[PDB]
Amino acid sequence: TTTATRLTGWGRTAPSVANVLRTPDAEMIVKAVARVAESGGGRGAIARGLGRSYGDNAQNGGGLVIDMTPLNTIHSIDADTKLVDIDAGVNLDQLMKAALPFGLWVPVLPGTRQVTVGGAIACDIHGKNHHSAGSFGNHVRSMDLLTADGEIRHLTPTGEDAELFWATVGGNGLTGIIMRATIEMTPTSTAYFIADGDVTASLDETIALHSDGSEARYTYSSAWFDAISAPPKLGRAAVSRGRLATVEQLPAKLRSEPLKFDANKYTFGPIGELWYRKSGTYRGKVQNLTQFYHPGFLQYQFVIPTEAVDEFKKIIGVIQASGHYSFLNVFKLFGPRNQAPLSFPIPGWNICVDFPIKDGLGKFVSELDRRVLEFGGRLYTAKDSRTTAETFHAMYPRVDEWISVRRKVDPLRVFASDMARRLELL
């Protein structure tokens, strides 16, 4: 039933061989964990979703990896309570399509829909709406967690077991296997957005636009920014902001089915600067999800706290003068954090960059880690495969508190991964 498979993260780096169990039968998963628990802990077990983490959080060299994607039943959707009850292997695209006809919207969508609900919880994912909706864990009402002793515990965010609930959110699979969850969805009358677009000429303008108060008027907001040009052009951005449309805001063509989801010689001169400004400046444009949201590399994402604006500008300056060129760059201002110890988002300047693998890059991102740490920020474990334990621990000062929860729920270290070992979360 288990196959020896070479597994990697999305970045296709640091591979390890594991026995991969792939079964639609939940009882076989219970017994596999029972087999691991009795085997003297060994090199343990980890759950795998769709393999979309860039890191090593869903591989376990010389141990067991449980593929959760065959557990992909939607058990119920209720439009009155807004609740969805789903197997942990359901993906967000499947969930999005099943939920729309009930006038229900997935409360947090990331930059891809090909992620499992189990992965969304364990990485406590965020999206364009973080500053208004928080992260994924904010909307989970219950989950069923297969723990180290082969018992399935029913966890809720408040009441008895809250501590373990909140350790599982952002816990990277290290408290056990999420088998099943109940999610509160966002009500919607349409599958469309009304969107405003803005184009800033500089890092100073981009920052200015995010702190001038206009952010409170939009439920969704993010930006593509320039990380390659010299100042003054460094940090200029195309900002995309909006909210879900109501039926009366749609054009007539679309109002019958409101919830249906189905390089030239001018480019780098004054004329195209104008073109790009015109095309990226608009108000009240009706967009579907695809238009608004879903249009040898090292991914790197960090957040710097809100008040550390001058420090944020400095990190961006360090990035462009490094000789490492990142063309695809996402910037967002995060809102309030949640109570999960290992949750990534904190209020502040969030940035995702992507560097081509090249001489000197590993040592340069270590230096970046140091800057991010010193400025009170942290890195995202769904993007990272190379930070040290000591860096991570200083970035997440509630780690000891989390570790304490993990010891009670897994005394024999049944649940283990390459990431847990590297980051000394074991």
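Numbering starts at 1 and runs along the sequence shown.
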Problem set entry | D262 to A263: deposited residues without atomic coordinates | 10 or more
For this session: Quick one: classify how much of the deposited chain lacks coordinates between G213 and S214, choosing none, 1 to 3, 4 to 9, or 10 or more.
Result: none
For this session: Pick between 396-404 and 39-47: the one whose mean CA B-factor in the entry is higher.
Result: 39-47
Exercise. In the PDB record, does 22-30 or 384-392 carry the higher mean Cα temperature factor?
Worked result: 22-30
Seminar exercise, completed: In this crystal structure's PDB entry, the residue among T186, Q301, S343, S256 with the greatest CA B factor is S256
Seminar exercise, completed: Residue set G119, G170, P295, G317, per-entry CA B-factor max assigned to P295
Problem set entry | Third of the chain, ranked by Cα B-factor, where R370 sits | middle
Exercise. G62's Cα B-factor: lowest, middle or highest third of the chain?
Worked result: highest
For this session: Comparing against every modelled residue in the chain, figure out the third that the C-alpha B-factor of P356 lands in (lowest, middle or highest).
Result: middle
Exercise. Thinking about Cα B factors across the chain, which third does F334 belong to?
Worked result: lowest
Seminar exercise, completed: Among the modelled residues of its chain, the C-alpha B-factor of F193 falls in the third labelled lowest
